[PDB]
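K.L.:
Submitted below is the structure of interest, expressed as C-alpha cells.
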Protein chains: 4
Amino acid sequence: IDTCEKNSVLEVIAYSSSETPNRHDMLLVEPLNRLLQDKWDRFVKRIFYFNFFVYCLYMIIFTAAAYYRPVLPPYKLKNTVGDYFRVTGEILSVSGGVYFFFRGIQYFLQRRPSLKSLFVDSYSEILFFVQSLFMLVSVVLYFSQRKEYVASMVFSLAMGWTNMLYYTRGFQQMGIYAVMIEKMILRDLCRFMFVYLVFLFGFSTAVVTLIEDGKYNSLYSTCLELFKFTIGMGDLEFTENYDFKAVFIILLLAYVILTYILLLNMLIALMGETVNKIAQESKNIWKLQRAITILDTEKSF
Amino acid sequence: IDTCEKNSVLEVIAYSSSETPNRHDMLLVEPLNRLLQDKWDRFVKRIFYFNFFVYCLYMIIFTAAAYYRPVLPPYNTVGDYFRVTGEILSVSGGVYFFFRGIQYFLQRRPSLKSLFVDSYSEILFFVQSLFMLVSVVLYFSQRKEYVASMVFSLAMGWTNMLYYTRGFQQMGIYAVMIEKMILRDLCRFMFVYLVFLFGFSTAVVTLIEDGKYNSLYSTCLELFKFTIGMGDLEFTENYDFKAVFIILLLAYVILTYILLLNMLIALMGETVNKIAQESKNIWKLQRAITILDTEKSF
Amino acid sequence: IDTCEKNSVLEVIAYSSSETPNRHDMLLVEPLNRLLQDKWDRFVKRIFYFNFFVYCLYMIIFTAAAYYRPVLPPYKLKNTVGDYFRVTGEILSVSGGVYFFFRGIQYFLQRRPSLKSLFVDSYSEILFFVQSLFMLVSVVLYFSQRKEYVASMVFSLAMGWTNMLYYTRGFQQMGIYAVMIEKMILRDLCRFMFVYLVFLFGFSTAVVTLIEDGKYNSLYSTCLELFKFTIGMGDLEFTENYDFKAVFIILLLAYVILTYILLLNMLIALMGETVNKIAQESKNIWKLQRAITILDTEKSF
Amino acid sequence: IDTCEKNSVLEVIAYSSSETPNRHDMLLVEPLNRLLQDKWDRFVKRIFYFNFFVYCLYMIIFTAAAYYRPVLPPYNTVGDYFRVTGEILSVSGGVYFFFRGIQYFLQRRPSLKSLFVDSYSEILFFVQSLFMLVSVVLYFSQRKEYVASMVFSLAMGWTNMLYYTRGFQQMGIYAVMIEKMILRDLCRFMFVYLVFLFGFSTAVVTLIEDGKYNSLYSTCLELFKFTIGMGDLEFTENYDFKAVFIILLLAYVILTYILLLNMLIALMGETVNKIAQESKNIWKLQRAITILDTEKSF
Ligand SMILES: CCCCCCCCCCCCCC(=O)OC[C@@H](O)COP(=O)(O)O
Ligand SMILES: CCCCCCCCCCCCCC(=O)OC[C@@H](O)COP(=O)(O)O
Ligand code: NA
Ligand code: NA
C-alpha cells in the first residue's frame, strides 16, 4: 500500500489520471487517510513548509532584482554594493528559473501525460513551467541586445507572484479556497468570458462603425471605452463625432443593460449556486492535492 | 414515429404551440431523448458545425465591409473591390435570411400569438434582416440613415450568434438561462427601476431653475449614471435649497443603487437555484427542434 | 363573508389587526380565497384598472413642472393657451391632493386605527397621506409669498411618484415582487442603514478631526467625500491639507475595508438568503393585500 | 445554580474557555434560558440601557472637544472653557476604561491564548484606551503625533458602539454575524487578494521606467483603486510595450474585480445560509454573560 518498489495503492490512486471515475472517493478509505494524514504531519509538511520558505525567499530576491533594473543590454557592473546585490539577485533568480524549467521537463518525461487536456489537469506544474519559460526567454533576449527582455521579466514577475498560491495547500480552509477559485475560473469565468467577449466585441464593432472620426475611431479605442463600463467607469459621453445621438445613446444603453445589469449579476448568482453545490467535491479534490503532495515529497526524499 | 410521412410524434411534440402543458418534459422518455441525441450524433451536429462556420465567416465579412464605409450615397483599386464585394455578400446574406424568415412564417403559419412567445431567434433574425434591407433601400435612396440601420443590424447580428451556442450542453444551458433571466427578472427590475428613475428625474428637473440639465433628457441621463458607479452627486449648483437637492439625490441612490440594484442579484440567485431542470429540458427541446429542422431541410 | 354582513368573514379577516397570530393564512382559506377571486374579476378588478388609469393621468397632469414652473408667488396669467393649461393643471393637482388628504383623514376616523403598527403594516396609506400633506403645505407656501413651495411640491411629486408602486399591485408577479421590496426595505435596509451610519459617521468624524484646514474642514464635506465611496466614486486623495499622510491613508483604507468590501456584500448575502426563505409568505401577504384592496372597492362600489 | 461563591453552573458556562466542545448550546436548555431572560427583564436590561446612554454621551463629549481642537502643544471664553472641560472628561473616560481593562485582565487571569481568541470586545476597548493615554502623553510631551493618536482613538470609539448592540435580538445577531464574517471570509479574501495585488503592482512598477508612478506606494494605490470601481487603465504612458502594460492591467482586473469579489460574495452567502443557529447561540451567550457580569458588578 505505501512502499512496494513496483507499485503501491497510494501511488496508483494519487497519480491516477482523471479518467478514473471515483479518483476523489478512492482516498477517504480509513487506512489511506490515516496513513496520508500521518505522512502529512510526519515529513511531507516539514519538506512542504521549508520549501515554501525557500520559494518565498526566491520570489523576494527575484522582485528585488527586477525592481532595481538599471535604465540596449547587456550592461556593465558599476562599483557599488547595490550593483553587486542586484547582479547576484538576478543571477540567483535566473538560476531558480532554470531549475524550475528542468523540474518541469523531468515531470513531462517521467509522468508522460497522454496529450489529453493536460492544461486543466495538473495545471499547477504547467503554470510553473510557463514561469520558468518566461524567465529563460527573458535571459536569451537580454543577451540578444533587445528590450523585450523587460516585457518578459514583468510577465515572469507577474506569473511567480500569482502562482505563489500553490503553497496554500497544507492548510485546510486556505486549500479549499484555492481549489474552489481554480474550478470557478475553469467553469463560471470561462463561460461568462466567452459570452461577454461576443457582446462587448459586437456592440463595440457597431459603435466604431457608427462613429465618424476622432481619437475613438479605432476599434481598439472603442472596445476600451465599452470595457470601461464593466469596472464602474462607463462614461456615456466619451465621443460626439457622430451624426446621430439617438443611435449612439440607444446602442450604449442596450450594451449597458445587456452586459453590466444582466451578465455580471447573473454571474454572481451562478457563482453562489456553484459555491452552494460543491463543499464535499472541493474537500475531496483538496484531499487529492495534499495526498499527491505527501507522495511527491516521499519520492523527493 | 420519425419517418411516417403522415404525422410524426417527434414533430407533434416539437412543433406543438406553448399551449401543450408538457412539450418540454415529455421528450425525456427513453425513446424520444435517445432518438434525438442520436439524430444529433448522426446528421445534425456536423450539419450545425458547418452552418455556424458559414454564419461566422459571413459576420466577419459584414464587419470588415461596414468598418471601412467611405464618408449622400450611393458611393478603381483592390481595396474598393474587396469592400464592394463584401457589401454585396452582406446584402446577399441579409436577403437570404429575409426569405428564410418569410418561409418559416408561411410554413409554420403561426397563430398570430406564438410569434411573440415562441422562437425568439426567428423573430430576432427577421428583424436583423429587415434592418439590413432598410439600410439597403435608404442607401440607394440618397440618405445618411443607411449607416444608422446598418450599425443597428450589425449590433443585432453580432448578438444573434448566441443562437448557435445550442449544440453545446453547457453553453446552450447558459443561453437558455440568459433568455429566462431577461424574460422575468430583468423585465420586473426595468419596470420598477424606470418608474423610480422617471419620478426622481422629474423631481430634480423641477427643483432646478436655469442650468445645463434643465432638459429632462440630460437630468435623466445624470440620474441613470448613478447605476453604473459613475454618479456625480454635485453635477449642478445653479439652484436654491441645497438641502432639498441633496436629500432628493440621497433618497434616489438608496431606493435604487442601494436597494433595487442589489434586489436584482438576490432574485437572480433564487431563480437560478430553481430553474436548472427546466433550463436543461428547454435546451433539449431547442436541440430536438434543430434536429427536426435539419431533417426537413433535406 | 360565509353568510354574514355586520362582521362578514372576508371583511374581518382582511381588516384584521397586527396582533392576530396567523392572519396570513386566513384569506388563503380555499372558500375565502375564492370570495376575493370570483369577486376580484367580478367588478373590483374593473374598478381597480380604471382607478389606476385615473391616478396615472392625475400624476402626469402634475409631473410636467418643467413646463409649468415660472421663474415671489403668487404669479400672473399670461393670457395664452400654455398658461391656461398650466393653471388648469395646477388647480387639478391641488384639488386631487385635497381629495387624497380628505380620503386619508376619512380612513383615520372610520378605522380609528392603532396608528402604531400603521407605519409597518398598511404603511401605503401613510405615504399617500404624506404626499397629500406636502401638497397642502405647498399650496399655503405658494399663497404665503415664500419660495419653499418649490421644495415642498418637488418632494410631493417624488413622494407620489414612489407611491405609483402601490397601484403596481393587482398582478401576481409584480405585486409579490413589490412585496419583497416592501419587506426588504423594512428589515435588511434598516439594519444595514443603522450599522453603516454609525461606521460612516465615526470615520468622517476621525477624518475631519485629522484634517487641519481646507474646503473639506467642514464635517458635512468630509462626510460626503467618505460617502462617495459607497457609490463607486471614492477618491482616496480628496483632501491635501490634513495631518501627516501616515494617518489619513490608513484610516481611509480601514473605512473602505469595513464598509465597502464588507457591509454591502453582507447586505447582498442577507437579502439573498432572505429571498430564499420568503416565497409562500410573500404570496400569502400579496393575497391578503388584494383581498383588502378589492374589499375597499366593494365598500366604495 | 446561581452562586455558591466557589463554583456555579451559570459562571461555569459563562467563564469556561472556548476549548469546551459545545459552550454555545448549553444555555439552550429550559432552566438556564428562562432564568437568564427573567434576570435580564428584571434589572440587567434597565442597567444595560443606562450604561449605553452614558457611553453615547461620553463619546459625543470627547468627539466635540477633538473636532474643535486649536491648530507646539500644549496650549477666558465660554467655548475654550467648554473645550478644556470636554477634554478633561474625555481623558477621565479613557482612564476609566484603562482601569476596567486592567481589572478584567487581572481577574480573568487569561492563559495568553484565549486573550487574543475571545473577549475581542474587551481587547478593542483597551486598545482605544491605550491610544488615548499615549495621546495624552504626546500632548504633554510637546509633539504633534497626539492628533494622530486622538483621531485613531476617536475612530475606534465610534466603531465600538457595536458592543452595546447586544441586548437587542436583531442588532445582536447582525453584530455577531459581522464578527464571524470578518474572522473568516474577509481575512482569507484579504490574504489572497493582497498576494495578487503585490504581484501585479511589482510587475507594473517594474514595467515603468520613470515618473511619479515609479514608486511602489503610488502604483500600488493605483492598482488598489480598481477594486472600488474607480480604475483608470490609462494612469501612465511613460514606458514602452503598451501591449505589455494593457495585458498586465487586463489580467489583474479579470483576476480580482470579476472573479475574487464575486467569489467573496458567494462564500459570504454560503456562510450566512449556514450560520443562523450558531449566530443566535453566540448572541445568547453574549447576553447571558452580560446578565452574569451585571450580577457580579453589584
Ligand atoms: C501569461 C499570463 C499573463 C502574464 C502577466 C500577468 C500575470 C497573470 C498570472 C496568471 C496566472 C495566475 C492565475 C493562476 O492560475 O494561479 C494559480 C495559483 O492559484 C497557484 O495555485 P495552484 O498550485 O495551481 O493550485
Ligand atoms: C421627505 C424625504 C424626501 C421626499 C422625496 C420623496 C421620494 C423619496 C422616497 C420616498 C419614500 C420611498 C419609499 C416609497 O415611497 O415606496 C412606497 C411604495 O412601496 C408604494 O408601494 P406600497 O403601497 O407600499 O405597496
Ligand atoms: Na465606479
Ligand atoms: Na462600481
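By Swiss-Prot numbering, chain C shows 387-457, 460-603, 627-712, in order.
Placed from the backbone N, Cα and C atoms, the Cβ positions cover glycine too.
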K.L.:
Quickly, which of C:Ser402, C:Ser481, C:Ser502 does Swiss-Prot have down as phosphoserine? Just give the residue.
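P.N.:
Looking at Swiss-Prot, the phosphoserine feature maps to C:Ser502.
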K.L.:
Figure out which of C:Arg500, C:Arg557 sits with C:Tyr511, C:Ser512, C:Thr550 in the resiniferatoxin site per Swiss-Prot.
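P.N.:
When Swiss-Prot describes the resiniferatoxin site, the candidate it includes is C:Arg557.
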K.L.:
Identify the topological domain of C:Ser532 and of C:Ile569 in Swiss-Prot, and say whether both name the same side of the membrane.
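P.N.:
Domain labels do not match for C:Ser532 and C:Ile569 in Swiss-Prot.
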K.L.:
Just to confirm what the record says: which one of C:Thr556, C:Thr597, C:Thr704 has phosphothreonine annotated in Swiss-Prot?
P.N.:
C:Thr704
K.L.:
Ignoring the 2 unmodelled residues, how many Å lie between the Cα of C:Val457 and the Cα of C:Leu460?
P.N.:
9
K.L.:
Across all chains shown, how many C-beta atoms besides its own are within 10 angstroms of the C-beta of C:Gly643 (Na(+) 1 binding site)?
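P.N.:
Excluding its own Cβ, the number within 10 Å is 19.
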K.L.:
Using Cβ atoms and a strict cutoff of less than 8 Å, what residues sit near the topological domain 'Cytoplasmic' (C:557-571) while being 6 or more residues removed from its termini?
P.N.:
431, 434-435, 438, 686, 689, 693-694, 696-697, 700-701, 704
K.L.:
Determine how many residues of the topological domain 'Extracellular' (C:532-535) DSSP places in helix, in strand and in coil.
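P.N.:
Across the topological domain 'Extracellular' (C:532-535), DSSP assigns the residues as follows: 0 helix, 0 strand, 4 coil.
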K.L.:
Within the region 'AD' (C:684-712), count helix residues (DSSP H, G, I), strand residues (E, B) and coil residues, in that order.
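P.N.:
Grouping H, G, I as helix and E, B as strand yields 26 helix, 0 strand, 3 coil.
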